[PDB]
Amino acid sequence: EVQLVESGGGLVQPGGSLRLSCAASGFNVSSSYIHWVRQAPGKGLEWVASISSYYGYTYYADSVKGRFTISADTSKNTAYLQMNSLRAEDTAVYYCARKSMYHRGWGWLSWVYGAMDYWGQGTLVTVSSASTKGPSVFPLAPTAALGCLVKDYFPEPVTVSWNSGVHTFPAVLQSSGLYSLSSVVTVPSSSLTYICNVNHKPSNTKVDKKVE
Amino acid sequence: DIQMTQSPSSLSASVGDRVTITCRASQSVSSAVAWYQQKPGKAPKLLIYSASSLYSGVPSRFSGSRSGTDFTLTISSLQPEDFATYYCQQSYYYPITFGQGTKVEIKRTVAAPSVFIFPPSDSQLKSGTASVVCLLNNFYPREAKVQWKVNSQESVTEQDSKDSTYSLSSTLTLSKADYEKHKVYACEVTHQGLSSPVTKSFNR
Amino acid sequence: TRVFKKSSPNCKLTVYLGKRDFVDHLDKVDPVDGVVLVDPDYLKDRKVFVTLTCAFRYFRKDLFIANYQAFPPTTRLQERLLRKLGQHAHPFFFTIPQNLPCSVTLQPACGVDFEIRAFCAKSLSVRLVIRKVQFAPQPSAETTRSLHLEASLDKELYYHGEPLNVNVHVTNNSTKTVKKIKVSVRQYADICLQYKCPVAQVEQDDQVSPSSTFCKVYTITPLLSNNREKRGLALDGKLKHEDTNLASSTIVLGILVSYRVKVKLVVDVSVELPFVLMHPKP
Amino acid sequence: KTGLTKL
C-alpha cells in the first residue's frame, strides 16, 4: 500500500519560516512526481510546488516561487518543502500528494504531471503576529434564544457546551488576528437556568457563564 | 497559466438527482483533467483522470467526459454520501491549476429565517467592545443578507445535519463610545423565502 | 483502445501501430504488426512496402533490414484496424530477432534505434520510431589486503530510482588508518562495432583506526539528476526526443551496458559488485 | 508527426 505522512505544521510569525516533511511509504521519491498543494481556510486547493528526483525537475507556482523551495531525500524516501517568508495569506492546510511516473507501459512518463492519486492527511500551517490569548465570554440574553459570545481568542479550537438546539458558529479571523465566535440555543420562553462552559485548551482557559 | 473556470458556482440536489458540472479551460487541454471530491475538511480524493478515466476505487455512478475544451462531470445517482466540493484540475502544463469548487448541497422546502436579536450584555459593555448578535436559525437556502441599522462578520454555519437547514449569525462589533452614541439597533433579514424583509430591533 | 497513426505530408499513406515499445521477453519479441491505409490512385502500378531497420550509429551500421510487401499482400489488432478501413488497408508483420541490441543511446542519436519506414514505389514515406526494451526479471565481496574489507548488497536487481544498500565491514588489523570510504556506482557502456562512468559517490569521512571493526550500511542511488552533463552516458531509448532514463542493464553487437558497485577505502583496498537496473513490468 | 486516433 502507498501512503504519505505530512508533518511540520505549527505556528510561525509572518516573515518566519517552516519546513514540511512528506514521508512516502510504498514507493520512492525517485519514481514519482511529488506535489505540495494547499487549501486556504474555506477556499479551493492551489498547487504550490512539485518535484521529481530522478531528473531533478523542480516546479513552483508563481505565488510561491522564491518564497518556497522543494527538494527530496531519496535515502530517507521523503520530500522536504522549505517555506520562507511565510505570510498570513500563506496560512492554509498543506497537503502532499504524488503522481506515479509508472504506467507508461514500460517506464517513466517524463511529461505527464498527471493527477495526484495519493494525498496525505494535510497539516495545518498558520501565520500570525500575535500571542495566545484566552477567550472573553459574554452572555446573549433576550421560543426565546440565548447564547454565549466567545470572542478574541487564539488559536482554534474552542469547545462550548451547554449544561439540543445548540448551533456553534464557525469562528472567523478578525482584523486584529484573534478568533471570534458565538454559540446560541433556543428554549421556550415559558422556562426561560442555562450555563455555558467555554474551554480553550491551548491556553487552558476555562470559563462558565450563566444566562437567563 | 490556464484559468480552469468551472460552473456552476454551486448547485442543489436530492437523492437520485443527476448533477452536471462543467470545467472549461481558457487554453486548449489534451485530456489532462481530474476531478477531486473534497469532503469538508478532509483531503481531496481523485475521481477522474485522462479527462474520462474513472479512477480506481471511485464508484461507477460518477463519470466524466470531454466535448472539446469543456469537460463534464456527471453523477448518475447523487447519493446522500456524494455531498462535497468538486474541483477540476488540468495536469497538462505548469503551474497546475484547479477549478473553483462547486458545492453540492442538499435541498429542502424553502424555509424562513427564525430571527432573534441580542444586545451586548453588561459584562461585555464593561470591557469596551459591544458585539450585537443577530441569529437567523433554521433558514434555507444559504443565500440571505443581513443589514445593520443604528463592521459586520457573518458567521454562516454549515448545512444542518437534521433537516438540511442553515444557521447564520451576523455579529456587529463596535466601540463603547460610538455604540453608546446611538440608541436604536436593528438587523434586517432579506431572504429568498421571505416575502418581505424581517426586521428585528432593540434599544440601547 | 489506442493506436499510433502516422502519415506523409501527402497523407496518401497512413501507418497504424498498436505499440511503440516492444518488450524483449528474450524468447519472443512483441511482433511489429501495423496497418498501411493507402489510396488506390496514388500507387496504381507501384507497390507498397514497409521496412524494419535496426540501425546502429555513432556511421549508419544497419545491423538489420527487412522489407515486408504490404501491397500486393505477401492478428486481431490488425483485424480491427482493417475493419474500419476496408480493402485498401493492408497489414504488415515484422518479427524482431531476439539477438538484437536493445534501444539505447548516449546523452550529447548515437547508439541504437529501431524504425518502421513505409514507402510506396514500383521496386525496392512514414518514419515510425519504435524501441526494443526489457523488464526486470546476493553479491558479496571480500578482499584481504591485514586490512580486511567485505561488502555485500541486499539484492542484485534494483529498479530505476530504487535506492541501493551497501553493507560494509572493515576489520582493520593493520597499522594504516582509513581516511575515507567511497561507495561508488560504475556504469560501463561498451560500444562494439568499454568506458567507465561514475554516477553516484557517497564519500564519507568514516575512519577506522587500527585493530578496529567498522560496520554500517550506506545508501547510494544513481539518478539522472546529476548525470545530465556526462558525455557518453548511456540513456534508454528516446522516442521523438522525450526525456529518458539511465540505460538499463543489458541481458546478453551494439552497445553493452553494465552496472557495478565499488567499495573503496582511501588509505587502497577495493571490491566491486554487479547489479541489474531495469524497470519493473508495470 | 504522430497523431492518435481511437479503435
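What does the helix-only formula give at 222 nm for the protein assembly as shown: each DSSP H stretch with n ≥ 4 adding -39500 (n - 2.57), the total divided by the residues, and the result rounded to the nearest 500 deg cm²/dmol?
Per the formula, -1000 deg cm²/dmol.
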Partners for A:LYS43 among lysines (Cα-Cα distance below 18 Å; same-chain residues under 8 apart left out): B:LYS39, B:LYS42, B:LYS45, B:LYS103
Applying the Karplus parametrisation 6.51 cos²θ - 1.76 cosθ + 1.60 with θ = phi - 60° to the phi angles of the stretch C:80-97, what ³J(HN,Hα) value in whole Hz is obtained for each residue in order, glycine and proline being reported as x? 5, 4, 6, 4, 7, 10, x, 4, 6, 9, 10, x, 10, 8, 9, 10, 6, x
Taking N as the number of residues in the stretch C:1-122, what is its Cα Rg relative to 2.2 N^0.38 Å? 1.12
Footprinting proxy, C:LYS61, A:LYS99: sorted fewest to most Cβ within 10 Å, the residues are C:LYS61, A:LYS99
Which of C:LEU43, C:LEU273, C:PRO137, positive extreme of dipole for chain C (C-beta unit charges): C:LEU43
Equivalent ellipsoid semi-axes for the stretch A:95-212, as square roots of 5 times the alpha carbon gyration tensor eigenvalues: give them largest first, rounded to whole Å. 46, 18, 11
Proxy exposure order for A:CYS148, C:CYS54, B:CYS187, C:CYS197 (fewest C-beta within 10 Å first) is C:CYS197, C:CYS54, B:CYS187, A:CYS148
If I histogram all Cα-Cα distances within chain A using bins 5 Å wide from 0, what percent of pairs lands in each bin? 1, 7, 13, 15, 13, 10, 9, 8, 8, 6, 5, 3, 2, 1, 0, 0
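Counting DSSP beta bridges with both partners in the protein assembly as shown, what percentage is antiparallel, nearest 5?
Antiparallel bridges make up about 95 percent of those DSSP assigns within the protein assembly as shown.
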How many percent of Cα pairs in the stretch C:50-158 exceed 24 Å? 51
Between the residues B:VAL184, B:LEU172, B:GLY99, the Cα farthest towards the positive end of the dipole of chain B, that dipole coming from +1 and -1 charges on the beta-carbon of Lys, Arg, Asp and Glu, is from B:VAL184
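Past the 21 Å Cα-Cα mark, which pairs from A:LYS210/B:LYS176; A:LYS206/B:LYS176; C:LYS12/C:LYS47; C:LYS28/C:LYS132; C:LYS196/C:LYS216?
A:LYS210/B:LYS176; A:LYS206/B:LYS176; C:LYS196/C:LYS216, as the Cα separations exceed 21 Å there.
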What per residue convex hull volume, in Å³, comes out for chain B when only alpha-carbon positions are used? 163
Karplus 3J(HN,Hα) series, Hz, for the stretch A:127-135 with 6.51 cos²θ - 1.76 cosθ + 1.60 (x for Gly, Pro): 8, 6, 9, 8, 10, 3, 10, x, x
Counting other beta carbons within 10 Å of each Cβ, put B:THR109, A:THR143, B:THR171 in order, fewest first. B:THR109, A:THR143, B:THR171
If you wrap a convex hull around the C-alpha atoms of the stretch A:29-83 and split its volume per residue, what is the figure in Å³? 83
Once amide hydrogens are built 1.01 Å from N within the peptide plane, the residues lying 5 or more places from C:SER225 or on another chain with amide H under 5 Å from its amide H are A:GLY56
Once the protein assembly as shown is represented by equal point scatterers at the alpha-carbon sites, with solvent omitted, what log10 I(q)/I(0) does the Debye formula produce at q = 0.07, 0.08 Å⁻¹? -0.69, -0.82
Of A:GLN121, A:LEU109, A:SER183, farthest towards positive along the dipole that unit charges on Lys, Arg, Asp, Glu beta carbons give the stretch A:71-212: A:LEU109
With label points set 7 Å from each Cα along the Cα-to-Cβ direction at A:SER203 and B:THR190, the distance between them in nm comes to 3.8
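Does the stretch B:114-203 come out rounded, prolate or oblate by the C-alpha gyration tensor, with a ≥ b ≥ c the root eigenvalues, rounded set by a/c under 1.5 and, if not, prolate when a/b is larger than b/c and oblate if not?
It comes out prolate by the Cα gyration axes.
Take every residue in peptide A:49-56, count the Cβ atoms of other chains within 10 Å of its Cβ, and give the average of those counts.
5
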Restricting the stretch A:54-85 to trypsin sites (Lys or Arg not before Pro) in coil, as DSSP defines it, with at most 14 other Cβ within 10 Å: A:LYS76
Taking each pair of different alpha-carbon atoms in the stretch B:5-105 once, compute 1/r for the pair, average those values, and report the inverse of that mean as the Kirkwood hydrodynamic radius in Å to one decimal. 13.4
Arranged from highest to lowest average of other beta-carbon atoms within 10 Å per residue, in what order do the peptides A:121-127, B:84-90 appear? B:84-90, A:121-127
Computed for the protein assembly as shown: size of charge dipole around the Cα centre, +1 on C-beta of each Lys and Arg, -1 on C-beta of each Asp and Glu, debye to nearest 20, value 1380
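None of the figures in this text is laboratory data; all of them are computed from the coordinates on show. Reconstructed Cβ throughout: ideal geometry from the backbone, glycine too, with neighbour counts over all protein chains shown.
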